[PDB]
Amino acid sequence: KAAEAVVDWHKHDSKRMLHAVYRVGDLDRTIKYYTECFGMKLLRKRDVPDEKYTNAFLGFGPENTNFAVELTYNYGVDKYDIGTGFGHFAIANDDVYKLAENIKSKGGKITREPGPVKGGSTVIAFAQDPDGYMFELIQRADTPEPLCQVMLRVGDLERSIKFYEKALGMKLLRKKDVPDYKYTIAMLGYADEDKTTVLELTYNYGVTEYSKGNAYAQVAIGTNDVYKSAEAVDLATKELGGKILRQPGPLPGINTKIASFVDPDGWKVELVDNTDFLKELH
């Protein structure tokens, strides 16, 4: 009954990955690292005295067409627990050797030198940012979206795949078992992997739990209707696990419609009305 209506809604909606929200010890240091090392643009910066924080938004295009990072600096907080579940963000670039050497020149940290992925052929590298967040660098010819993954570790890959499909209308774009290194990955999202930001979920054999830390906050996803999309989440959570945190509705005074929830592993997602999202983008 409702599963049919959910499918129809996921088909009719136009969802978009908006941004990853996470916390940084030193906002200026991170801005400088992302602009100089990673070639990101500083898009917006907002100081919020009343609530004791400053945000900065960065990415490779404007927030109405691109995925961004939303950095949260909390006054007088200089470090966070990354935790063991948070994987990495990824940046696609047409010359990862050029990019890695740029990062090294600018005084950044390359933790994995550029070259083919172990037992694959895609050229990758890894960088670490000032707070310890890992960035994968992925060689890719020409994408509209260089900020192209958020990677989270999960305890049951099949339960997570079903959840993102049913709760969020994501397509399973890729599933790859790597038994020589005892992991399996899935890529989920709303368009071809090479054109979009995917959620990459990693399962390590026999590992069922990870710490969520207090550094990574959430990923926000846009929808034409947070109430219809939250109904789909509600149904999925009844079957698969996870929990609605904030029921769908406008924020006090602003009339910006949001809902939020956690997945079966406890990772937080915020759904934001696609039009109301635009109200802050200036």
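So that there is no doubt, residue numbering starts at 1 and follows the sequence shown.
J.: Averaging CA B factors per stretch from the PDB record, which one is higher: 165 to 173 or 71 to 79?
T.: Between 165 to 173 and 71 to 79, it is 71 to 79.
J.: Do the C-alpha atoms of 44 to 52 or of 230 to 238 have the higher average B factor in the entry?
T.: Higher of the two, by average CA B-factor, is 44 to 52.
J.: So if I compare the CA B-factors in the entry for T223, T256, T65, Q218, which one is the largest?
T.: Reading the PDB entry, the winner on C-alpha B-factor is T256.
J.: Among the candidates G189, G115, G85, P146, give the one with the maximum CA B-factor reported in the record.
T.: Of the options given, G115 has the highest CA B-factor in the PDB entry.
J.: Quick one: classify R153 as lowest, middle or highest third of the chain based on its Cα B-factor.
T.: Its C-alpha B-factor belongs to the lowest third of this chain's values.
J.: Taking the values exactly as deposited, rank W9 by C-alpha B-factor within its chain and report the matching third: lowest, middle or highest.
T.: Highest third of the chain for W9's C-alpha B-factor.
J.: What third of its chain, lowest, middle or highest, does the C-alpha temperature factor of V207 fall into?
T.: As the PDB entry reports it, the C-alpha B-factor of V207 lands in the lowest third of its chain.
J.: Pull the Cα B-factor of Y133 out of the PDB entry and bin it into the chain's lowest, middle or highest third.
T.: It belongs to the middle third of the chain when residues are ordered by C-alpha B-factor.
J.: Thinking about Cα B factors across the chain, which third does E200 belong to?
T.: Its C-alpha B-factor belongs to the lowest third of this chain's values.
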